[PDB]
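What follows is a single structure, written as structure tokens, with notes after it.
Basis for what follows: all heavy atoms, side chains included, without hydrogens, waters or symmetry-related copies. Start at 1 with the first residue, then count along the sequence. For ligands, and for the atoms within them, numbers begin at 1 and follow the listed sequence.
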Amino acid sequence: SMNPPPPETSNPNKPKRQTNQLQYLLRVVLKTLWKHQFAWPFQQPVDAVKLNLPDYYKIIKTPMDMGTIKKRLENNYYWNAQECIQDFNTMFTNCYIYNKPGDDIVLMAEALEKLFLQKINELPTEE
Ligand SMILES: CCOc1cc(C(=O)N2CCC(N3CCN(C)CC3)CC2)ccc1Nc1ncc2c(n1)N(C1CCCC1)c1ccccc1C(=O)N2C
Ligand SMILES: CCOc1cc(C(=O)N2CCC(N3CCN(C)CC3)CC2)ccc1Nc1ncc2c(n1)N(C1CCCC1)c1ccccc1C(=O)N2C
Ligand SMILES: CCOc1cc(C(=O)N2CCC(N3CCN(C)CC3)CC2)ccc1Nc1ncc2c(n1)N(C1CCCC1)c1ccccc1C(=O)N2C
């Protein structure tokens with residue numbers, strides 16, 4: 001049918017702060033996941049029209065992708081790291097909800113999720 005608009009990435013009304021955990025999410029976590037061999041399906045919103053997936057946004061009501069996460073980090077959209085971590089987790093969960101277990105895209109998401117969790121384990125202390 002029609003794609004929804006992409007998620008909001010800037011909000012001038014939200015308060016802003018720069019923290020070492022948010023800097024780490026952008027400069028280490030997002031950077032490492034972006035370069036992974038399986039990252040390319042997750043680098044932009046699902047274009048359900050072009051990909052012939054008419055029921056995608058009937059099922060997935062909280063879409064998320066790493067292009068949006070990158071922009072949110074750049075625009076200081078997040079006040080804390082947990083908000084950004086939730087967005088990565090939403091991205092993976094959407095893939096698991098929509099696709100059959102064991103599909104190619106699920107294996108790709110599972111590999112990215114494993115790497116993501118390894119990097120979140122090394123999240124620096126707030127300081
Ligand atoms: C920016 C580029 O975008 C994409 C491009 C191409 C592409 O090169 N061609 C080539 C082969 C084509 N033929 C048609 C006949 N056919 C039986 C075989 C394939 C299709 C179009 C494919 C998928 C893309 N983009 C995507 N974005 C999120 C997802 C996503 N694909 N996959 C795929 C990525 C690789 C494995 C699955 C999903 C596919 C279906 C449902 C959900 C999801 C999903 O969850 N995600 C996250
Ligand atoms: C947009 C759709 O995308 C793909 C679809 C399918 C597919 O049949 N499903 C998967 C989705 C299934 N749903 C899941 C949700 N549920 C509710 C309903 C059921 C239905 C059927 C397979 C591969 C895809 N996407 C792809 N994108 C680039 C590549 C690519 N496949 N191929 C294959 C395309 C055909 C030959 C090989 C590659 C495979 C391995 C390595 C590289 C490449 C490669 O080079 N390219 C360019
Ligand atoms: C070197 C092996 O290679 C692959 C193997 C297999 C595989 O299990 N077979 C196939 C061979 C079978 N023999 C052959 C004859 N013999 C006598 C008996 C056994 C056994 C079973 C699947 C995909 C492969 N190769 C791949 N190359 C890039 C990509 C890629 N798969 N994935 C998948 C890998 C895991 C996650 C998804 C992609 C899939 C769809 C779209 C894009 C991409 C993508 O982005 N990349 C980077």
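Considering only residues two or more places apart in sequence or on other chains, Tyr77 meets the ring-ring contact (aromatic ring centres under 6.0 Å, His included) condition with none of them. Scored by the side chain to side chain contact (heavy atoms under 4.5 Å, CB included) test, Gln82 finds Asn80, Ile85 as partners (sequence neighbours excluded).
Side-chain polar atoms of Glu113 and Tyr96 form a donor-acceptor pair below 3.5 angstrom.
Two residues are said to be in side-chain contact when any heavy atoms from C-beta on lie closer than 4.5 Å; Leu26 and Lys31 fail this criterion.
Listed by chain and number, residues touching ligand 1 at under 4.0 Å (heavy atoms only) are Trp40, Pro41, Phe42, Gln44, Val46, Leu51, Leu53, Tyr98, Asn99, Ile105.
Residues in residues 76-100 take part in these salt bridge (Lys or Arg N to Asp or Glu O under 4.0 Å) pairs, two or more places apart or across chains: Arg72-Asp87.
For the ring pair (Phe, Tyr, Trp, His ring centres under 6.0 Å) criterion with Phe116, the lone passing option out of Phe88, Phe42, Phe38 is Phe88.
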